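J.: Before we start, here is the structure in question, set down as structure tokens.
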There are 2 protein chains.
Amino acid sequence: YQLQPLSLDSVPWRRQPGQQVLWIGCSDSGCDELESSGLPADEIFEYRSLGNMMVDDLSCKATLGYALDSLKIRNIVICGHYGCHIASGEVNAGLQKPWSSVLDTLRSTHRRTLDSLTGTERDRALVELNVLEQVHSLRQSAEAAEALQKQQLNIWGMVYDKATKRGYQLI
Amino acid sequence: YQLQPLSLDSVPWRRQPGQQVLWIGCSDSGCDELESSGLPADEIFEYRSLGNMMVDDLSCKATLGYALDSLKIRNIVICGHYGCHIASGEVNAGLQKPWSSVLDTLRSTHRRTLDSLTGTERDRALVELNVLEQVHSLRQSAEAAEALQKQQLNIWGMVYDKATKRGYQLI
Ligand SMILES: [Zn+2]
Ligand SMILES: [Zn+2]
Ligand SMILES: [Zn+2]
């Protein structure tokens with residue numbers, strides 16, 4: 001992957017006005033994130049969860065299902081954020097499986113690149129890797145895979161930087 | 001129950017600055033809701049789900065658990081909103097169980113009250129009843145019940161009115 005700064009005028013998840021976007025963001029990220037989305041408030045259906053993850057439980061399936069079946073959403077954005085307390089090198093004992101399992105697996109699978117980086121740059125890399133893995137795994141959900149095969153769904157990854165108030169798309 | 005307009009300078013979930021509040025809101029409600037919270041952005045841990053519900057699923061349990069065990073939160077707010085598409089009318093087929101079950105149970109349990117109202121007033125009553133039920137059910141959870149009996153947790157209910165740009169506490 002590479003990071004591409006977004007231009008707010010032409011975001012990949014808004015090539016046409018009027019349609020609703022499922023925005024999947026993190027519980028410890030603020031509203032300030034959506035100011036970098038390129039979407040007006042009335043085009044946003046917002047799921048906000050631990051580490052902007054979708055794990056295969058009833059909440060992920062029901063939210064995906066309602067978004068596709070009732071709102072006929074054609075775009076999903078997974079928005080990670082720099083400074084995230086959940087997608088970081090600090091392993092918090094209060095964080096349950098499978099959220100903790102996803103993060104352990106990322107740390108082991110990407111050990112080579114992560115091992116060469118100090119704390120702040122390591123945590124930024126882990127936010128980005130978490131967004132990529134969430135985008136890849138949501139594409140393999142049964143409901144998303146059938147929509148993608150009809151070219152009736154796109155899933156996008158982005159990272160928001162609180163400090164610069166800018167978003168970066170994962171390409 | 002009765003509705004009490006909130007004053008932003010004296011919200012029951014912020015009697016002292018610095019501590020984090022778990023804010024449970026709806027996916028089809030906007031950030032505009034949090035402007036009525038009386039909280040600065042860095043005191044908000046936001047869980048945003050179908051119909052501002054907590055059902056007994058891994059996501060609800062893990063988010064509650066991370067909030068209590070890792071963030072040591074002392075206040076939970078369940079925020080419903082007038083004009084909600086999920087807590088409205090009768091059956092949406094796109095809305096899965098147990099979300100659909102909660103709403104059917106509210107429609108049956110409060111049939112007498114709902115029958116006394118027209119459609120728009122019926123929808124508003126269903127938003128308010130949903131918040132009260134979510135607050136009552138969350139209090140009965142094993143983790144919440146132990147914390148409440150130690151006076152180390154409060155759960156609050158509120159409803160946000162987009163038209164008046166005000167929140168109302170459920171007393
Ligand atoms: Zn986060
Ligand atoms: Zn927001
Ligand atoms: Zn709603």
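Labels used: A, B, ... for chains in the order of the structure tokens, numbers from 1 for residues in each chain, and numbers from 1 for ligands as shown.
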Take chain A, superimpose it onto chain B by least squares using every C-alpha atom paired in sequence order, and output the result as a PDB file with C-alpha atoms, in the first residue's frame.
T.:
ATOM      1  CA  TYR A   1     -40.462   8.905  32.943  1.00  0.00           C
ATOM      2  CA  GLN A   2     -40.522  12.653  32.077  1.00  0.00           C
ATOM      3  CA  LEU A   3     -38.282  14.656  29.642  1.00  0.00           C
ATOM      4  CA  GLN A   4     -36.100  17.418  31.205  1.00  0.00           C
ATOM      5  CA  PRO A   5     -34.329  19.820  28.814  1.00  0.00           C
ATOM      6  CA  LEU A   6     -30.551  19.665  29.560  1.00  0.00           C
ATOM      7  CA  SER A   7     -28.498  22.705  30.710  1.00  0.00           C
ATOM      8  CA  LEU A   8     -25.145  22.228  28.879  1.00  0.00           C
ATOM      9  CA  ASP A   9     -23.215  23.775  31.879  1.00  0.00           C
ATOM     10  CA  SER A  10     -24.322  21.058  34.414  1.00  0.00           C
ATOM     11  CA  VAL A  11     -25.109  17.675  32.801  1.00  0.00           C
ATOM     12  CA  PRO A  12     -25.599  14.691  35.152  1.00  0.00           C
ATOM     13  CA  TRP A  13     -22.746  12.700  33.425  1.00  0.00           C
ATOM     14  CA  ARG A  14     -20.224  15.569  33.954  1.00  0.00           C
ATOM     15  CA  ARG A  15     -20.277  16.607  37.679  1.00  0.00           C
ATOM     16  CA  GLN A  16     -16.407  16.681  37.434  1.00  0.00           C
ATOM     17  CA  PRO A  17     -14.047  17.305  34.463  1.00  0.00           C
ATOM     18  CA  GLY A  18     -11.321  14.871  33.232  1.00  0.00           C
ATOM     19  CA  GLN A  19     -13.225  11.496  33.207  1.00  0.00           C
ATOM     20  CA  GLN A  20     -14.233   9.618  29.986  1.00  0.00           C
ATOM     21  CA  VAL A  21     -17.944   8.929  29.252  1.00  0.00           C
ATOM     22  CA  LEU A  22     -19.161   5.899  27.215  1.00  0.00           C
ATOM     23  CA  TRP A  23     -21.610   7.485  24.734  1.00  0.00           C
ATOM     24  CA  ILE A  24     -23.945   4.895  23.129  1.00  0.00           C
ATOM     25  CA  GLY A  25     -25.653   6.475  20.061  1.00  0.00           C
ATOM     26  CA  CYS A  26     -27.438   5.440  16.841  1.00  0.00           C
ATOM     27  CA  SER A  27     -25.782   4.715  13.416  1.00  0.00           C
ATOM     28  CA  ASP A  28     -28.336   6.969  11.552  1.00  0.00           C
ATOM     29  CA  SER A  29     -27.808   9.925  14.025  1.00  0.00           C
ATOM     30  CA  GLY A  30     -25.093  12.567  13.175  1.00  0.00           C
ATOM     31  CA  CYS A  31     -22.175  14.158  15.172  1.00  0.00           C
ATOM     32  CA  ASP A  32     -24.620  17.098  15.767  1.00  0.00           C
ATOM     33  CA  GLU A  33     -25.971  14.971  18.704  1.00  0.00           C
ATOM     34  CA  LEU A  34     -22.669  15.319  20.660  1.00  0.00           C
ATOM     35  CA  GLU A  35     -22.875  19.184  20.394  1.00  0.00           C
ATOM     36  CA  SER A  36     -25.814  18.772  22.889  1.00  0.00           C
ATOM     37  CA  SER A  37     -23.830  16.359  25.193  1.00  0.00           C
ATOM     38  CA  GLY A  38     -22.186  18.964  27.504  1.00  0.00           C
ATOM     39  CA  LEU A  39     -18.900  16.984  26.969  1.00  0.00           C
ATOM     40  CA  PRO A  40     -15.680  18.101  25.245  1.00  0.00           C
ATOM     41  CA  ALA A  41     -14.418  15.741  22.460  1.00  0.00           C
ATOM     42  CA  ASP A  42     -11.554  14.337  24.645  1.00  0.00           C
ATOM     43  CA  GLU A  43     -14.044  13.097  27.343  1.00  0.00           C
ATOM     44  CA  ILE A  44     -16.062  10.976  24.795  1.00  0.00           C
ATOM     45  CA  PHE A  45     -15.642   7.209  24.131  1.00  0.00           C
ATOM     46  CA  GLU A  46     -18.284   6.634  21.409  1.00  0.00           C
ATOM     47  CA  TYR A  47     -20.121   3.329  20.602  1.00  0.00           C
ATOM     48  CA  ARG A  48     -22.482   3.877  17.595  1.00  0.00           C
ATOM     49  CA  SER A  49     -24.829   0.968  16.760  1.00  0.00           C
ATOM     50  CA  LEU A  50     -28.251  -0.009  15.343  1.00  0.00           C
ATOM     51  CA  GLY A  51     -30.947   2.002  17.225  1.00  0.00           C
ATOM     52  CA  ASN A  52     -28.508   3.049  20.065  1.00  0.00           C
ATOM     53  CA  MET A  53     -29.076  -0.509  21.434  1.00  0.00           C
ATOM     54  CA  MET A  54     -26.838  -2.849  23.428  1.00  0.00           C
ATOM     55  CA  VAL A  55     -27.905  -6.494  22.776  1.00  0.00           C
ATOM     56  CA  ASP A  56     -26.030  -9.278  24.637  1.00  0.00           C
ATOM     57  CA  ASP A  57     -23.422 -10.203  21.986  1.00  0.00           C
ATOM     58  CA  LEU A  58     -19.601 -10.018  22.016  1.00  0.00           C
ATOM     59  CA  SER A  59     -19.439  -6.339  20.811  1.00  0.00           C
ATOM     60  CA  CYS A  60     -21.703  -5.091  23.737  1.00  0.00           C
ATOM     61  CA  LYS A  61     -19.757  -7.155  26.326  1.00  0.00           C
ATOM     62  CA  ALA A  62     -16.264  -6.249  24.930  1.00  0.00           C
ATOM     63  CA  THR A  63     -17.114  -2.497  24.656  1.00  0.00           C
ATOM     64  CA  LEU A  64     -18.623  -2.371  28.177  1.00  0.00           C
ATOM     65  CA  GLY A  65     -15.667  -4.405  29.528  1.00  0.00           C
ATOM     66  CA  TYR A  66     -12.947  -2.239  27.893  1.00  0.00           C
ATOM     67  CA  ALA A  67     -14.751   0.971  28.999  1.00  0.00           C
ATOM     68  CA  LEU A  68     -15.036  -0.191  32.711  1.00  0.00           C
ATOM     69  CA  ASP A  69     -11.697  -2.146  32.991  1.00  0.00           C
ATOM     70  CA  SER A  70      -9.250  -0.121  30.754  1.00  0.00           C
ATOM     71  CA  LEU A  71     -10.734   3.473  30.731  1.00  0.00           C
ATOM     72  CA  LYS A  72     -12.341   3.223  34.273  1.00  0.00           C
ATOM     73  CA  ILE A  73     -15.477   5.023  32.959  1.00  0.00           C
ATOM     74  CA  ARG A  74     -17.999   6.016  35.712  1.00  0.00           C
ATOM     75  CA  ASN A  75     -20.818   7.323  33.408  1.00  0.00           C
ATOM     76  CA  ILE A  76     -22.689   5.711  30.463  1.00  0.00           C
ATOM     77  CA  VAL A  77     -25.118   7.773  28.320  1.00  0.00           C
ATOM     78  CA  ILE A  78     -27.638   6.079  25.969  1.00  0.00           C
ATOM     79  CA  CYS A  79     -28.642   8.776  23.436  1.00  0.00           C
ATOM     80  CA  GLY A  80     -31.711   8.165  21.249  1.00  0.00           C
ATOM     81  CA  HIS A  81     -32.795  10.655  18.572  1.00  0.00           C
ATOM     82  CA  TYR A  82     -36.140  11.875  17.127  1.00  0.00           C
ATOM     83  CA  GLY A  83     -36.454  10.956  13.431  1.00  0.00           C
ATOM     84  CA  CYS A  84     -34.612   7.605  14.040  1.00  0.00           C
ATOM     85  CA  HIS A  85     -35.389   5.169  11.097  1.00  0.00           C
ATOM     86  CA  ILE A  86     -34.655   2.068  13.289  1.00  0.00           C
ATOM     87  CA  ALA A  87     -36.599   2.974  16.512  1.00  0.00           C
ATOM     88  CA  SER A  88     -39.863   3.784  14.637  1.00  0.00           C
ATOM     89  CA  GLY A  89     -43.230   2.351  13.444  1.00  0.00           C
ATOM     90  CA  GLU A  90     -41.688   1.349  10.069  1.00  0.00           C
ATOM     91  CA  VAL A  91     -40.680  -2.374  10.473  1.00  0.00           C
ATOM     92  CA  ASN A  92     -37.746  -2.845   8.053  1.00  0.00           C
ATOM     93  CA  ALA A  93     -37.178  -6.465   6.849  1.00  0.00           C
ATOM     94  CA  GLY A  94     -33.382  -5.850   6.539  1.00  0.00           C
ATOM     95  CA  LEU A  95     -33.218  -5.452  10.422  1.00  0.00           C
ATOM     96  CA  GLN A  96     -32.142  -8.781  12.089  1.00  0.00           C
ATOM     97  CA  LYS A  97     -32.842 -10.272  15.564  1.00  0.00           C
ATOM     98  CA  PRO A  98     -32.382  -9.462  18.310  1.00  0.00           C
ATOM     99  CA  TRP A  99     -32.734  -5.703  17.303  1.00  0.00           C
ATOM    100  CA  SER A 100     -36.120  -6.483  15.618  1.00  0.00           C
ATOM    101  CA  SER A 101     -37.150  -8.556  18.762  1.00  0.00           C
ATOM    102  CA  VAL A 102     -36.457  -5.622  21.175  1.00  0.00           C
ATOM    103  CA  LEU A 103     -38.646  -3.311  18.984  1.00  0.00           C
ATOM    104  CA  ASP A 104     -41.525  -5.880  18.616  1.00  0.00           C
ATOM    105  CA  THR A 105     -41.482  -6.414  22.435  1.00  0.00           C
ATOM    106  CA  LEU A 106     -41.602  -2.602  23.030  1.00  0.00           C
ATOM    107  CA  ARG A 107     -44.570  -2.295  20.593  1.00  0.00           C
ATOM    108  CA  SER A 108     -46.501  -5.117  22.440  1.00  0.00           C
ATOM    109  CA  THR A 109     -45.484  -4.198  26.067  1.00  0.00           C
ATOM    110  CA  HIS A 110     -46.432  -0.462  25.567  1.00  0.00           C
ATOM    111  CA  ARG A 111     -49.431  -1.139  23.170  1.00  0.00           C
ATOM    112  CA  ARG A 112     -51.856   0.841  25.455  1.00  0.00           C
ATOM    113  CA  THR A 113     -50.033   4.259  25.264  1.00  0.00           C
ATOM    114  CA  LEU A 114     -48.764   3.741  21.639  1.00  0.00           C
ATOM    115  CA  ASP A 115     -52.292   2.829  20.310  1.00  0.00           C
ATOM    116  CA  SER A 116     -53.665   6.340  21.236  1.00  0.00           C
ATOM    117  CA  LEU A 117     -50.956   8.198  19.157  1.00  0.00           C
ATOM    118  CA  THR A 118     -50.678   9.004  15.389  1.00  0.00           C
ATOM    119  CA  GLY A 119     -47.458   8.424  13.380  1.00  0.00           C
ATOM    120  CA  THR A 120     -44.986  11.211  14.272  1.00  0.00           C
ATOM    121  CA  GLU A 121     -45.949  11.283  18.009  1.00  0.00           C
ATOM    122  CA  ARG A 122     -45.949   7.400  18.037  1.00  0.00           C
ATOM    123  CA  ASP A 123     -42.348   7.327  16.631  1.00  0.00           C
ATOM    124  CA  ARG A 124     -41.155   9.959  19.204  1.00  0.00           C
ATOM    125  CA  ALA A 125     -42.694   7.816  22.023  1.00  0.00           C
ATOM    126  CA  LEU A 126     -40.947   4.684  20.644  1.00  0.00           C
ATOM    127  CA  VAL A 127     -37.522   6.492  20.564  1.00  0.00           C
ATOM    128  CA  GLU A 128     -38.047   7.478  24.252  1.00  0.00           C
ATOM    129  CA  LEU A 129     -39.262   3.965  25.296  1.00  0.00           C
ATOM    130  CA  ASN A 130     -36.256   2.389  23.474  1.00  0.00           C
ATOM    131  CA  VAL A 131     -33.804   4.656  25.491  1.00  0.00           C
ATOM    132  CA  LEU A 132     -35.567   3.680  28.818  1.00  0.00           C
ATOM    133  CA  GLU A 133     -35.503  -0.073  27.992  1.00  0.00           C
ATOM    134  CA  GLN A 134     -31.771   0.131  26.955  1.00  0.00           C
ATOM    135  CA  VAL A 135     -30.930   1.950  30.245  1.00  0.00           C
ATOM    136  CA  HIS A 136     -32.914  -0.647  32.328  1.00  0.00           C
ATOM    137  CA  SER A 137     -31.355  -3.663  30.462  1.00  0.00           C
ATOM    138  CA  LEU A 138     -27.734  -2.332  30.615  1.00  0.00           C
ATOM    139  CA  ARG A 139     -28.112  -1.959  34.456  1.00  0.00           C
ATOM    140  CA  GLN A 140     -28.807  -5.798  34.525  1.00  0.00           C
ATOM    141  CA  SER A 141     -25.587  -6.690  32.598  1.00  0.00           C
ATOM    142  CA  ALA A 142     -23.183  -8.565  34.979  1.00  0.00           C
ATOM    143  CA  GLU A 143     -20.333  -6.000  34.656  1.00  0.00           C
ATOM    144  CA  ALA A 144     -22.666  -2.954  35.077  1.00  0.00           C
ATOM    145  CA  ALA A 145     -24.568  -4.499  38.082  1.00  0.00           C
ATOM    146  CA  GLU A 146     -21.302  -5.082  40.062  1.00  0.00           C
ATOM    147  CA  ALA A 147     -20.176  -1.436  39.354  1.00  0.00           C
ATOM    148  CA  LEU A 148     -23.664  -0.040  40.353  1.00  0.00           C
ATOM    149  CA  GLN A 149     -23.588  -2.058  43.656  1.00  0.00           C
ATOM    150  CA  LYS A 150     -20.236  -0.264  44.427  1.00  0.00           C
ATOM    151  CA  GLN A 151     -21.844   3.100  43.348  1.00  0.00           C
ATOM    152  CA  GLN A 152     -18.990   3.354  40.754  1.00  0.00           C
ATOM    153  CA  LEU A 153     -21.312   3.637  37.660  1.00  0.00           C
ATOM    154  CA  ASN A 154     -24.303   5.711  36.505  1.00  0.00           C
ATOM    155  CA  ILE A 155     -26.258   4.963  33.324  1.00  0.00           C
ATOM    156  CA  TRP A 156     -28.277   7.915  31.884  1.00  0.00           C
ATOM    157  CA  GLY A 157     -30.864   8.161  29.107  1.00  0.00           C
ATOM    158  CA  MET A 158     -31.273  11.149  26.783  1.00  0.00           C
ATOM    159  CA  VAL A 159     -33.017  11.995  23.497  1.00  0.00           C
ATOM    160  CA  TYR A 160     -31.613  14.456  20.921  1.00  0.00           C
ATOM    161  CA  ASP A 161     -33.915  16.608  18.705  1.00  0.00           C
ATOM    162  CA  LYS A 162     -32.111  17.444  15.386  1.00  0.00           C
ATOM    163  CA  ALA A 163     -34.782  20.153  14.574  1.00  0.00           C
ATOM    164  CA  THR A 164     -34.373  22.194  17.856  1.00  0.00           C
ATOM    165  CA  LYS A 165     -30.638  21.177  18.298  1.00  0.00           C
ATOM    166  CA  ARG A 166     -31.573  20.349  21.986  1.00  0.00           C
ATOM    167  CA  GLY A 167     -31.150  17.260  24.239  1.00  0.00           C
ATOM    168  CA  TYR A 168     -33.711  15.991  26.816  1.00  0.00           C
ATOM    169  CA  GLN A 169     -32.732  13.761  29.797  1.00  0.00           C
ATOM    170  CA  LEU A 170     -35.106  10.872  30.720  1.00  0.00           C
ATOM    171  CA  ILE A 171     -35.964  11.321  34.467  1.00  0.00           C
TER     172      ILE A 171
END
J.: Would you list, as a list in words, the residues of stretch 40-98 of chain A that end up in strand (DSSP E) under DSSP run on this structure's backbone?
T.: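 Restricting stretch 40-98 of chain A to strand (DSSP E) produces residues 44, 45, 46, 47, 48, 49, 75, 76, 77, 78, 79, 80 and 81 of chain A.
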J.: Name the residues of stretch 82-139 of chain A that come out as alpha helix (DSSP H) in a backbone DSSP run; write them as JSON, numbers by chain.
T.: {"A": [99, 100, 101, 102, 103, 104, 105, 106, 107, 108, 109, 111, 112, 113, 114, 115, 119, 120, 121, 122, 123, 124, 125, 126, 127, 128, 129, 130, 131, 132, 133, 134, 135, 136, 137, 138, 139]}
